[PDB]
Amino acid sequence: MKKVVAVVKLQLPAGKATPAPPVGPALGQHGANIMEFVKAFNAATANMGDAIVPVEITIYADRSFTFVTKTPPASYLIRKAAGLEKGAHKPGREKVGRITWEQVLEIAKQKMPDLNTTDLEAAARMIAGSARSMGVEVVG
Amino acid sequence: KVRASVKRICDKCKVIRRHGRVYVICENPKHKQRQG
Amino acid sequence: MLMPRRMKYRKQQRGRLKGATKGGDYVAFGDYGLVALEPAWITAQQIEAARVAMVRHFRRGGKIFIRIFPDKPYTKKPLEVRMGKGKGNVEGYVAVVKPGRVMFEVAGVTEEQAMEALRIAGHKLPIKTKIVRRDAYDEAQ
Amino acid sequence: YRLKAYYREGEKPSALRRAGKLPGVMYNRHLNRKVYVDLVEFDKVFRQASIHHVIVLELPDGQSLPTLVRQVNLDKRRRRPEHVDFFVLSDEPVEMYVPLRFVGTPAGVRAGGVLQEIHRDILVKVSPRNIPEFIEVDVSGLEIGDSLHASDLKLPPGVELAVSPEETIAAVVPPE
Amino acid sequence: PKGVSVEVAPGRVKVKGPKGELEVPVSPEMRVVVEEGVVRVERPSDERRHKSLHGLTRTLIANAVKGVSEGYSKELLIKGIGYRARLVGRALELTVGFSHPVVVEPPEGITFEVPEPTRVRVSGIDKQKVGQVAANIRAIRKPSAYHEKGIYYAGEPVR
RNA sequence: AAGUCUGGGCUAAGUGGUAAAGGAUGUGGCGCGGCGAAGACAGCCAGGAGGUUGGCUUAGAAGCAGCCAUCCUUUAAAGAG
RNA sequence: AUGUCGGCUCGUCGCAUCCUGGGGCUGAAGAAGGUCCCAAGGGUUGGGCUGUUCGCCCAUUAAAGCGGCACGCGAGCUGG
Ligand SMILES: [Mg+2]
Ligand SMILES: [Mg+2]
Ligand SMILES: [Mg+2]
Ligand SMILES: [Mg+2]
Ligand SMILES: [Mg+2]
Ligand SMILES: [Mg+2]
Ligand SMILES: [Mg+2]
Ligand SMILES: [Mg+2]
Ligand SMILES: [Mg+2]
Ligand SMILES: [Mg+2]
Ligand SMILES: [Mg+2]
Ligand SMILES: [Mg+2]
Ligand SMILES: [Mg+2]
Ligand SMILES: [Mg+2]
Ligand SMILES: [Zn+2]
């Protein structure tokens, strides 16, 4: 969310990356290197962890780019936080699993550098809501 | 096109009334309605 | 569809329709309702064909109240048969309806979906209808 | 609220409405009189008023009488009023219907269900000094198949029930 | 409003300026003369028919004013391959598609313009008389076939 | 044969001079509400964001096929459109 | 005592148009079509089978329209 010029955001997992399905054409269509990225990516994925890093890549004529990495979707940190494979299909009523007023706060700390709300109650909120977003009631 | 109940189909369509006849004009010709 | 499962007599006289409902002028069930303006016999086929028109419109939503019931046997003589020789046989069933009768009424839905799920049903009826929302008459003090 | 009432000696009810005067009548153990409150005013008033709250009759001769509408009569077709007649208030065990604000948004959510507000209010013994505006029924522990009703409300000081009670004051039912 | 004479006959209000005189068959209703250093326009009770007339006259004469303040404008394109009509004197000359070539015509009171064969606008002193010649030439060739050439205005092309 | 009689209205279709559901910014008269000089309607310039591509399913479903929810964020304001 | 089918002859009117003339949509590239609108001026073939109307078929055509006229027409014919 800065400048724009044929950009193409997209999420990616651990070291695993290159299959055309997830990425592949994902950036090769806008003329680019699946080479200068398949590894260039696993240069920072292998370092931080092995989850799901939302990396939005911009593109120029020199099949160049600026793959900016961010914190995994607030939807991931919330899952494993209660041990849930999928989401829940139909939220708002069935709480497959649940999280506590604190477990939510933890994550909030992990994504506060991405948001735009220093406060830890403000952030935790747009997370406690992410629960009603996948059927995972908040403990409190 | 031509019919008994001529109504609106867009946010872009005027209920023009020319010649005693209630027409309907929109950007896309598919919405050109008249009454008869 | 929707007919009684009894009645003491299989066929009954045509009767007459002198305006003003005998009752059911006020809405005593749901939020918004549908009221008849002109007298007429509504058919079983029509009532149903509007009850679904209703739901289908707002699929998996509120509750619909049907307040008219076709308990009048409607008859008709076969085709190409001449006058006389006994009364025709039952065709289907109708419900008498005079001006002012709140036929239908929906509950637990937005006025957005009310004054629409009704506007549609209205087109399925042989008469003119008007929409209303709970007001003057209520059962209290 | 207040509303300008007047007196009817015996002038054609038809001619009354024709002018705009919806007729009515205040009665009770004592006074029994013909009146003719304006219609538009009355509507505008009784509109949000209902038989739920009291009215003050500002007659043509000082007297400012209390009032608790007893029944508005309709025209059937053209559901409009013909005879709005209000009960004159004393301070006796005046029976009346107290509203019923539920609030709580019970079960029946993703599942759907509907708030069958059966009986949007209820009758009870009280005194004019006590006009118990509303009553409570949160219901959010009651799902679909279930339903509260009888003795399930809270009777504040000066408000007793006139039932049994079994009147299923509300319930929840399935969608479509 | 500038070098303009606001005549005021029955409905006639012809105006003269740097280029020419322009009569404006106005509806003999409510009446309004050169009155003051500018022009006014009044009307009777708020009657739909009067509501319209007032205004219909109002903006009609103001177009008449600019009748000599120059109201030329009205420019056209041509796009496409062999599409690019040029000029042939104070007269135009179109050439696009048709197996057999086709001219135009002398519109007494209007001048043409071909500042490039791929551009043509019209010099107008009137108005509805110019907007007419527009469509008129505009319609010599219809734009599209799902897409491509044809004559245009200044608007936008369809897909 | 006898008023181109007299006041006050409505109608612009030859309606009048024979039709319905249903359509429509056709006109006229009473009304009800809603915003408005703590500056409204249209307008023209500005923004129209973020968690997040909400969860499911799908090749894909990123507000924007369908299904569920519809909480919360930083704001002058931004619907999980 | 108002002669009843089909054919033949002679037509004429309607439009709810089968051609041909105009025109809006199109999931209209073009040529072809589809659908609705306007529009009878004029056109709307020859045969095989059956009493047939109706139909099916052969060979074409721009098209081989649907009706009303006492299901037009026996003081005009035929009479299967
Ligand atoms: Mg049953
Ligand atoms: Mg009667
Ligand atoms: Mg095309
Ligand atoms: Mg005479
Ligand atoms: Mg009519
Ligand atoms: Mg004879
Ligand atoms: Mg026609
Ligand atoms: Mg073509
Ligand atoms: Mg032959
Ligand atoms: Mg033979
Ligand atoms: Mg014929
Ligand atoms: Mg015959
Ligand atoms: Mg014989
Ligand atoms: Mg013989
Ligand atoms: Zn439109």
C:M54 versus (1) at the interface with chain D (Cβ under 10 Å from one of its Cβ atoms); (2) assigned to a strand (DSSP E or B); (3) not charged (D, E, K, R): which is the lone unmet condition?
-> (2)
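Would you call E:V114 more than 16 Å from the chain's Cα centre (by Cα) and away from RNA strand G (no atom under 16 Å from the Cβ)?
Details: more than 16 Å from the chain's Cα centre (by Cα): yes; away from RNA strand G (no atom under 16 Å from the Cβ): yes.
Considered against the rule, which asks whether it is more than 16 Å from the chain's Cα centre (by Cα) and away from RNA strand G (no atom under 16 Å from the Cβ), E:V114 comes out as yes.
What do you reckon, is A:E137 charged (D, E, K, R) and farther than 25 Å from A:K2 by Cβ? Steps first, answer last, please.
Working: charged (D, E, K, R): yes; farther than 25 Å from A:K2 by Cβ: yes.
So A:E137 passes the test.
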In this structure, does E:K149 turn out to be of a type outside the set (S, T, N, Q) and surrounded by 14 or more Cβ atoms within 10 Å (Cβ to Cβ)?
-> yes
Looking across the range A:50-85 at residues that are part of a loop (DSSP other than H, G, I, E, B), hydrophobic (A, V, I, L, M, F, W, C) and closer than 19 Å to A:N33 by Cβ, the single one that is nearest to ligand 15 (Cβ to nearest atom) is A:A61
Looking only at the range D:141-176, count how many residues are over 25 Å from C:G108 (Cα atoms) and in contact with a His (Cβ under 8 Å, 6 or more places away or on another chain).
-> 1
Counting only residues that are within 11 Å of RNA strand F (Cβ to nearest atom), assigned to a loop (DSSP other than H, G, I, E, B) and touching a residue at least 12 places away in the same chain (Cβ under 8 Å), how many does the range B:13-36 have?
-> 2
Qualifying residues in the range E:134-152 (those that are touching a residue at least 40 places away in the same chain (Cβ under 8 Å), under 16 Å from E:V102 (Cα atoms) and in a helix (DSSP H, G or I)) - the one farthest from ligand 3 (Cβ to nearest atom) | E:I137
Give the residues of the range C:95-141 that are within 15 Å of C:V35 (Cα to Cα), surrounded by fewer than 19 Cβ atoms within 10 Å (Cβ to Cβ) and among the acidic types (D, E), sorted by residue number.
-> C:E116, C:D135
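I want to confirm something. Restricting to the range C:1-36 and keeping residues that are within 14 Å of chain D (Cβ to nearest Cβ) and within 16 Å of ligand 2 (Cβ to nearest atom), which single residue is surrounded by the fewest Cβ atoms within 10 Å (Cβ to Cβ)? Reasoning before the result, please.
Of all residues in the range C:1-36, those within 14 Å of chain D (Cβ to nearest Cβ) come to C:17-36.
Subset that is within 16 Å of ligand 2 (Cβ to nearest atom): C:17-22.
On the way: C:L17: 13, C:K18: 7, C:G19: 11, C:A20: 14, C:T21: 18, C:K22: 10.
Residue satisfying both the conditions and the ranking: C:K18.
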Going through the range E:49-63 in order, the residues found to be of a type in the set (K, R) and either in contact with an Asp or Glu (Cβ under 7 Å, 6 or more places away or on another chain) or within 12 Å of E:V26 (Cβ to Cβ) (or both) are E:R58
Answer yes or no: is there a residue in the range A:37-48 that is surrounded by 12 or more Cβ atoms within 10 Å (Cβ to Cβ) and in contact (Cβ under 8 Å) with a residue 40 or more places away in the chain.
-> no
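Consider D:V126 carefully, then state whether it is within 14 Å of chain C (Cβ to nearest Cβ), touching a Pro at 6+ places or on another chain (Cβ under 8 Å), free of Cβ contacts under 8 Å to residues at least 60 places away in the same chain and surrounded by 14 or more Cβ atoms within 10 Å (Cβ to Cβ).
On the way: within 14 Å of chain C (Cβ to nearest Cβ): yes; touching a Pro at 6+ places or on another chain (Cβ under 8 Å): yes; free of Cβ contacts under 8 Å to residues at least 60 places away in the same chain: yes; surrounded by 14 or more Cβ atoms within 10 Å (Cβ to Cβ): yes.
Yes: the conditions hold for D:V126.
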Tally of residues being more than 17 Å from the chain's Cα centre (by Cα) and closer than 21 Å to C:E48 by Cα across the range C:8-28 = 0
Report whether or not C:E48 is crowded, with 19+ Cβ neighbours inside 10 Å, outside any loop (DSSP other than H, G, I, E, B) and not β-branched (V, I, T).
-> no
Of (1) in a loop (DSSP other than H, G, I, E, B); (2) out of contact with any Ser or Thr (no Cβ under 7 Å at 6 or more places or on another chain), E:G17 satisfies all except one. Which?
-> (2)
Restricting the first residue to the range C:59-76 and requiring it to be within 14 Å of another protein chain (Cβ to nearest Cβ), which pairs with a second residue that is among the β-branched types (V, I, T) and assigned to a loop (DSSP other than H, G, I, E, B) meet a Cβ separation below 6 Å and a spacing of at least six or different chains?
-> C:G61/C:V109; C:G62/C:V109
Does the range B:3-22 hold any residues that are within 8 Å of B:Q33 (Cβ to Cβ), within 9 Å of the chain's Cα centre (by Cα) and more than 10 Å from ligand 15 (Cβ to nearest atom), and which are they?
-> B:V6
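Applying the selection to the range C:58-100, what residues are more than 23 Å from C:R6 (Cα to Cα) and of a type in the set (G, A, S)? Lay out the reasoning, then the answer.
Here is the first cut: in the range C:58-100, the ones more than 23 Å from C:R6 (Cα to Cα) are C:58-64, C:78-85, C:98-100.
Hits for the range C:58-100 are C:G61, C:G62, C:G84, C:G100.
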D:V84 vs (1) within 30 Å of C:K18 (Cβ to Cβ); (2) more than 17 Å from the chain's Cα centre (by Cα); (3) surrounded by 17 or more Cβ atoms within 10 Å (Cβ to Cβ); (4) aliphatic (A, V, I, L, M): all pass except (2)
Answer from A:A88, A:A40, A:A26, A:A108 - the residue that is in a loop (DSSP other than H, G, I, E, B) and either within 16 Å of ligand 15 (Cβ to nearest atom) or not acidic (D, E) (or both) = A:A88
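Sort out for me the strands (runs of 3 or more DSSP E) sitting completely within the range D:1-104 that have 3 or more residues that are within 30 Å of D:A170 (Cα to Cα). Give the steps one after another, and end with the answer.
Details: elements: D:24-27, D:32-35, D:55-58, D:64-74, D:81-87, D:94-99.
Here the list reads D:64-74, D:81-87, D:94-99.
Just so you know, all these numbers are worked out from the coordinates, no wet-lab data involved. Cβ sites come from the backbone with ideal geometry, for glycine too, and all protein chains shown count toward neighbours.
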